[PDB]
Amino acid sequence: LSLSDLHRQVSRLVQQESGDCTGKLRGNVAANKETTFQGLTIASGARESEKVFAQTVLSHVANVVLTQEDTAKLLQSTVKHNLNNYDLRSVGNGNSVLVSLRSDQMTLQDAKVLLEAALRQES
Numbered sequence: 003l004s005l006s007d008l009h010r011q012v013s014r015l016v017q018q019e020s021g022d023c024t025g026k027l028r029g030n031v032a033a034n035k036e037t038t039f040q041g042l043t044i045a046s047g048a049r050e051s052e053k054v055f056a057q058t059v060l061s062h063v064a065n066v067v068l069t070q071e072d073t074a075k076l077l078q079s080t081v082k083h084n085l086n087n088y089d090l091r092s093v094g095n096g097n098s099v100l101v102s103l104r105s106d107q108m109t110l111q112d113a114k115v116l117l118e119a120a121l122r123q124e125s
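Mapping of the sequence shown onto PDB author numbering: residues 3 to 125, in sequence order.
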């Protein structure tokens, strides 16, 4: 889906208070009500639709500079969640670029941060 409507769809779910839920994608984005975020991979239980959601978001932030504020947001997720999902490369000035994920899951709240960085860059 396009960058801005993926972001619309995710923001909407966050607004509905599903931010802590992992995202599921197969057309329209869905909030995972079933299982929680645990840093799963397909091999340890992540759903195929969770991996598509996580990788779709990753694909949309390729070479998108993340600010220290963005970064801080993510770090709160790693900490709130006890788990570090991101491989971020220090691009200097406290900024970062996301190069890869460490699981096949991604919470909607985190997707929103990243998708907004991407929109930012766009504009």
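Every residue, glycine too, gets a C-beta built ideally from N, C-alpha and C.
Expressed to the nearest angstrom, what Euclidean distance is found between the alpha-carbon atoms of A74 and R122?
-> Approximately 17 Å between the Cα atoms of the pair.
How would you write the range of the alpha helix (DSSP H) that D7 sits in, first residue to last?
-> Here the alpha helix (DSSP H) through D7 covers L5 to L15.
What number of angstroms, rounded off, separates the C-alpha of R14 from the C-alpha of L8?
-> It is roughly 10 Å from the alpha-carbon of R14 to the alpha-carbon of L8.
Residues bridged to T109 by DSSP?
-> Residue pairing by DSSP puts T109 in a beta bridge opposite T24.
Proximal residues to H83 (C-beta, below 7 Å), its chain only, five neighbours per side dropped = Cβ within range, chain order: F39.
Got a sec? Which residues, its chain only, sit under 8 Å from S6 by beta carbon, not counting five neighbours each side?
-> The residues are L121.
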